[PDB]
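Undergrad: Structure incoming, see below.
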Amino acid sequence: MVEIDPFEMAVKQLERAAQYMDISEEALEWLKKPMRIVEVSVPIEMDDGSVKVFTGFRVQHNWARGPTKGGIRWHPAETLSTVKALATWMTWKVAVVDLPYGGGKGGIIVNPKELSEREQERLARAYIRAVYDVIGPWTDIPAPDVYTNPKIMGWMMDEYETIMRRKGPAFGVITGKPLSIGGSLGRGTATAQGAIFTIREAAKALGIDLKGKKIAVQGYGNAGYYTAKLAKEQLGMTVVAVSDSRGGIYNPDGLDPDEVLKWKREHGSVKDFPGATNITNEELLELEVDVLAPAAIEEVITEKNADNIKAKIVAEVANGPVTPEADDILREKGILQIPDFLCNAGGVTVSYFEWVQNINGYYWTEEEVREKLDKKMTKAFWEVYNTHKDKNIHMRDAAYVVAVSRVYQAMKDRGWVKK
Numbered sequence: 004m005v006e007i008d009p010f011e012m013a014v015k016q017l018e019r020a021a022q023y024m025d026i027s028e029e030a031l032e033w034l035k036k037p038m039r040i041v042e043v044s045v046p047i048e049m050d051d052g053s054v055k056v057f058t059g060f061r062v063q064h065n066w067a068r069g070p071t072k073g074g075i076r077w078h079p080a081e082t083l084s085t086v087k088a089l090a091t092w093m094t095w096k097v098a099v100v101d102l103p104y105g106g107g108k109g110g111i112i113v114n115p116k117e118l119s120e121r122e123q124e125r126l127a128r129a130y131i132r133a134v135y136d137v138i139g140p141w142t143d144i145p146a147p148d149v150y151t152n153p154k155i156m157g158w159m160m161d162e163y164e165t166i167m168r169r170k171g172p173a174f175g176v177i178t179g180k181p182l183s184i185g186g187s188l189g190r191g192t193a194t195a196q197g198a199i200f201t202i203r204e205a206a207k208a209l210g211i212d213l214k215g216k217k218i219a220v221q222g223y224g225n226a227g228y229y230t231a232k233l234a235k236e237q238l239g240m241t242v243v244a245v246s247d248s249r250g251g252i253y254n255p256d257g258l259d260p261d262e263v264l265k266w267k268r269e270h271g272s273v274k275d276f277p278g279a280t281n282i283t284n285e286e287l288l289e290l291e292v293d294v295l296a297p298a299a300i301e302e303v304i305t306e307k308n309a310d311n312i313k314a315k316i317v318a319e320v321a322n323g324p325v326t327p328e329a330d331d332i333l334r335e336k337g338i339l340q341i342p343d344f345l346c347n348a349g350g351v352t353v354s355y356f357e358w359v360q361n362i363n364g365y366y367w368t369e370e371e372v373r374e375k376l377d378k379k380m381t382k383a384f385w386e387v388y389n390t391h392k393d394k395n396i397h398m399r400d401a402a403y404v405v406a407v408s409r410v411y412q413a414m415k416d417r418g419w420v421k422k
């Protein structure tokens with residue numbers, strides 16, 4: 004009994020969410036299996052004049068609401084139980100903000116730091132020719148993810164425009180494109196502006212004046228850097244500690260993220276930054292801040308580091324930062340914590356706004372996008388917040404209640420489930 008299946012863990016969270024609601028037992032077995040899995044063979048021609056064949060997947064979970072939406076991963080540790088896990092995870096993220104979308108994910112088993120520039124062109128174009136049968140502007144809409152760039156999503160668009168012969172809105176087949184091929188403004192700061200909005204609305208309900216409190220960030224990714232910065236410019240937070248894979252620093256007087264990022268682009272890591280103390284990743288989690296925002300890795304909170312954490316808000320930004328073993332041990336502490344797929348929902352809503360502009364054909368302005376981003380993210384938090392205070396459940400579990408009940412209500416109306 005020594006095993007951890009990544010897909011079967013994503014089913015066992017759905018069975019836990021079937022007890023806080025009244026759902027039919029004939030539709031509960033529908034959401035445990037994705038509806039159309041493709042596993043294509045993707046041949047590229049190398050630089051040496053030889054041919055290699057990589058395995059590429061495409062998993063569409065549930066299109067009951069509309070088209071399906073999901074990113075594309077390039078990683079050598081890919082499996083079918085890792086794509087089917089995130090594909091059944093994407094449907095509870097695009098339902099909770101009430102978008103007409105369904106889940107999905109795709110991936111290729113490749114290592115992208117051992118392919119040159121002209122070899123990535125012959126892989127990203129060769130992935131589209133193999134799954135053209137199951138994508139489209141109204142069927143399946145890809146997106147960028149780990150080890151993909153918006154440079155690459157421009158290439159997949161061009162190989163779609165050559166197959167379709169331009170008989171349709173070909174700019175809407177993919178989001179996260181560059182600015183001058185049919186992309187949207189305000190896209191690079193989506194997951195930051197999605198997170199910092201949910202930090203404000205939670206703390207306004209917790210009733211703490213943030214203009215004078217502090218914050219700590221574990222990890223220094225691109226969504227990790229702007230999380231600290233847009234808490235300083237817009238919110239008013241004091242960023243006191245950062246970290247990465249090597250080490251971490253801490254300063255009790257605020258650290259300006261522009262000068263800090265100039266260090267990490269210069270040296271190997273954040274080590275020996277002036278006006279701080281070079282510390283570790285474990286002691287950073289038990290610091291003293293107003294809100295802890297993990298955004299680096301998964302399952303950093305386990306059973307042995309559970310009750311040492313000293314914070315008021317745990318902004319779940321990364322994909323499942325807390326294990327279910329330690330969520331209840333922190334629940335009795337009186338710690339309000341917005342969930343994982345309610346904080347990073349900003350990366351989908353701005354990705355939805357690039358799909359609206361490409362279908363109609365009329366591109367919006369920058370502030371008009373960022374003004375409608377609050378309307379989605381503040382409303383979708385208050386629909387969860389009133390549910391939690393009236394049913395006495397953890398907000399990790401309370402978000403799953405409205406997420407299934409929007410999808411199950413659409414499966415009952417398309418005739419898919421009678422009971």
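With the working numbering, letter number 58 in the sequence shown gets 61, and the count goes up by one each step, no holes. By construction, the Cβ of each residue, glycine as well, lies at the ideal position given by its N, Cα and C atoms.
#1: Taking one C-beta from the segment 321 to 340 and one from the segment 241 to 261 each time, how about it: are there three or more such pairs within less than 8 Å?
#2: Checking 8 Å against the spacing of the C-beta atoms, do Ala296 and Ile218 come in under that value?
#3: Identify every run of the alpha helix (DSSP H) within the segment 111 to 174, keeping only runs that are complete inside it and at least 4 residues long; order them along the chain.
#4: Span of the alpha helix (DSSP H) holding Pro260?
#5: Cutting at 6 Å between CB atoms, please list the residues of its own chain near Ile166, excluding the five before and the five after it.
#6: Taking 8 Å as the threshold (C-beta atoms), are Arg121 and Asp50 in contact?
#7: Count the other C-beta atoms from every protein chain shown that fall within 10 angstroms of the C-beta of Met4, then say buried if there are 16 or more, exposed otherwise.
#8: If I measure Cβ to Cβ from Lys214 and keep anything under 8 Å in the same chain, skipping five residues before and after, which residues do I get?
#9: Can you name the start and end residues of the alpha helix (DSSP H) that residue 3 belongs to?
#10: One question on the structure: do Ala195 and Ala226 come within less than 8 Å of each other, judged by their Cβ atoms?
#11: May I have a chain-ordered list of the alpha helix (DSSP H) segments no shorter than 4 residues that lie completely inside the segment 322 to 384?
#12: Going by CA-CA distance only, name the one from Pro342, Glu374, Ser44 that's closest to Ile202.
#13: Do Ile300 and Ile252 have their CB atoms nearer than 8 Å?
#14: So, with DSSP's three-state summary, where would you put residue 466?
#15: What do you reckon, are the CB atoms on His78 and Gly107 nearer than 8 Å?
#16: From the DSSP output, in three-state form, read off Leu34 for me.
#17: Could you check where the beta strand (DSSP E) with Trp77 kicks off and where it finishes?
#18: Please name the residue in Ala329, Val410, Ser53, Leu83 whose C-alpha comes closest to that of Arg39.
#19: Using CA atoms only, rank isn't needed, just tell me which of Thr326, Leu333, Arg169, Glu306 is closest to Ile316.
#20: Got a sec, what are the start and stop residues for the beta strand (DSSP E) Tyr253 sits in?
#21: Roughly how far, in whole angstroms, is the beta-carbon of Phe60 from the beta-carbon of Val86, given that I think they are within contact range, below 8 Å?
#22: Might you give, ordered along the chain, the residues of its own chain that have their beta carbon closer than 8 Å to the beta carbon of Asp293, omitting 5 neighbours on each side?
#23: Per DSSP, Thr305 is paired with what?
#24: Would you mind working out which of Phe276, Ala321, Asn395, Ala348 sits nearest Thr94, comparing C-alpha positions?
#25: Let me know the secondary structure DSSP gives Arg19 once reduced to three states.
#26: In whole angstroms, what separates the C-alpha of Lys392 from that of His270?
#27: Could you give the distance in angstroms between the alpha-carbon of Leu209 and the alpha-carbon of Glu386?
#28: Give the straight-line distance between the Cα atoms of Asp148 and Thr178, rounded to the nearest whole angstrom.
#29: Pop quiz: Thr305 and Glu289 are said to be a contact at Cβ under 8 Å. What is the actual Cβ separation, rounded to whole angstroms?
#30: Considering only residues of the same chain and omitting the five flanking positions on each side of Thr326, which have a CB-CB separation below 8 Å?
#31: Among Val410, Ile199, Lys421, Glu285, which has the Cα closest to the Cα of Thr71?
#32: For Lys267, which residues of its own chain have a beta-carbon under 8 Å away from its beta-carbon, when the five flanking residues on both sides are left out?
#33: For the beta strand (DSSP E) holding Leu233, just list the boundary residues, first then last.
#34: Touch check for the segment 110 to 129 and the segment 365 to 382: three-plus C-beta pairs under 8 Å?
#35: Give the straight-line distance between the Cα atoms of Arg76 and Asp101, rounded to the nearest whole angstrom.
#36: When DSSP labels each residue in this structure, what does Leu295 get in the three-state scheme?
TA: Taking the geometry as given:
#1: Pairwise C-beta distances place the segment 321 to 340 out of contact with the segment 241 to 261, as fewer than three of them are shorter than 8 Å.
#2: Position 293 of the sequence shown, counted from the first residue, corresponds to residue 296. Position 215 of the sequence shown, counted from the first residue, corresponds to residue 218. Yes, they are a contact pair.
#3: 120 to 131, 153 to 167
#4: For the purposes of this step, residue 260 is taken as the residue at position 257 of the sequence shown. Run containing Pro260: 260 to 267, per the alpha helix (DSSP H) assignment.
#5: Here the question's residue 166 lines up with position 163 in the sequence shown. Excluding residues within five positions, the ones whose Cβ falls inside 6 Å are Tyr135.
#6: The sequence position of residue 50 within the sequence shown is 47, counting from 1. The sequence position of residue 121 within the sequence shown is 118, counting from 1. Contact flag set, yes.
#7: Numbered from its first residue, the sequence shown carries residue 4 at position 1. So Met4 ends up on the exposed side.
#8: Position 211 of the sequence shown, counted from the start, is the residue given in the question as residue 214. Taking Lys214 as the centre and dropping the five residues before and after it, the same chain places the C-beta of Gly239 closer than 8 Å to its C-beta, in chain order.
#9: Here the chain covers residues 4 to 422 and nothing more, so residue 3 does not appear.
#10: Within the sequence shown, the letter at position 192 stands for residue 195. Within the sequence shown, the letter at position 223 stands for residue 226. Yes, the pair counts as a contact, with Cβ atoms nearer than the cut-off.
#11: The qualifying runs are 330 to 334, 343 to 346, 349 to 363.
#12: Residue mapping note: residue 202 aligns to position 199 of the sequence shown, counting from 1. Between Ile202 and the set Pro342, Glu374, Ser44, the nearest pair of CA atoms involves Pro342.
#13: Looking up residue 300 in the sequence shown gives position 297. Looking up residue 252 in the sequence shown gives position 249. Remark: C-beta atoms of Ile300 and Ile252 do not approach each other more closely than 8 Å.
#14: What the structure shows of the chain is the stretch from 4 to 422, and residue 466 is not part of that stretch, so it cannot be assessed.
#15: Here residue 78 refers to the residue found at position 75 when the sequence shown is read from its first residue. Here residue 107 refers to the residue found at position 104 when the sequence shown is read from its first residue. Going by C-beta atoms, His78 is not nearer than 8 Å to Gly107.
#16: For the purposes of this step, residue 34 is identified with residue 31 of the sequence shown, where counting begins at 1. Reduced to three states, the DSSP call for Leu34 is coil.
#17: Position 74 of the sequence shown, counted from the first residue, corresponds to residue 77. Looking at the DSSP string, the run of the beta strand (DSSP E) that includes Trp77 is 75 to 77.
#18: Numbered from 1 along the sequence shown, position 36 holds the residue referred to as residue 39. Nearest option by C-alpha distance: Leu83.
#19: The residue given as residue 316 occupies position 313 in the sequence shown. Of the listed residues, the one whose Cα sits closest to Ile316 is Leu333.
#20: Your numbering for residue 253 matches position 250 in the sequence shown. That run of the beta strand (DSSP E) goes 251 to 253.
#21: The residue given as residue 60 occupies position 57 in the sequence shown. The residue given as residue 86 occupies position 83 in the sequence shown. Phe60 to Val86, Cβ: 5 Å. Contact.
#22: Within the sequence shown, residue 293 is the residue found at index 290, counting from 1. The answer, listed in chain order, is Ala206, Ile211, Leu213, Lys216, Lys217, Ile218, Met240, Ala314, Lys315, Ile316.
#23: On the sequence shown, position 302 is the one that residue 305 refers to. Looking at the DSSP assignment, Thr305 forms no beta bridge with any residue, so it has no partner.
#24: As a first step, residue 94 is located in the sequence shown; it is residue number 91 there, counting from the start. Measuring from the Cα of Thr94, the nearest candidate turns out to be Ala348.
#25: Within the sequence shown, residue 19 is the residue found at index 16, counting from 1. In the structure shown, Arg19 sits in a helix (DSSP, three-state: H, G or I).
#26: Your numbering for residue 392 matches position 389 in the sequence shown. Your numbering for residue 270 matches position 267 in the sequence shown. Their backbone Cα atoms lie some 47 Å apart in a straight line.
#27: By 1-based counting over the sequence shown, the position of residue 209 is 206. By 1-based counting over the sequence shown, the position of residue 386 is 383. Between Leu209 and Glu386, the C-alpha separation is close to 16 Å.
#28: As a first step, residue 148 is located in the sequence shown; it is residue number 145 there, counting from the start. As a first step, residue 178 is located in the sequence shown; it is residue number 175 there, counting from the start. Cα to Cα, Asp148 sits roughly 11 Å from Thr178.
#29: For the purposes of this step, residue 305 is taken as residue 302 along the sequence shown, with counting starting at 1. For the purposes of this step, residue 289 is taken as residue 286 along the sequence shown, with counting starting at 1. In fact, because the Cβ distance is near 13 Å, the residues do not count as touching under 8 Å.
#30: Position 323 of the sequence shown, counted from the start, is the residue given in the question as residue 326. These residues qualify, in order along the chain: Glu302, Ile304, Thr305, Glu306.
#31: The residue given as residue 71 occupies position 68 in the sequence shown. Here the closest residue by C-alpha is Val410.
#32: The sequence position of residue 267 within the sequence shown is 264, counting from 1. Contacts found: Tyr223, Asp247, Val273.
#33: The count along the sequence shown starts at 1 and reaches residue 233 at position 230. Careful: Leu233 lies outside any beta strand (DSSP E), inside the alpha helix (DSSP H) at 225 to 233.
#34: no
#35: As a working mapping, residue 76 is identified with position 73 in the sequence shown. As a working mapping, residue 101 is identified with position 98 in the sequence shown. As the crow flies, the alpha-carbon of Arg76 is around 25 Å from that of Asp101.
#36: The count along the sequence shown starts at 1 and reaches residue 295 at position 292. Strand, per DSSP.
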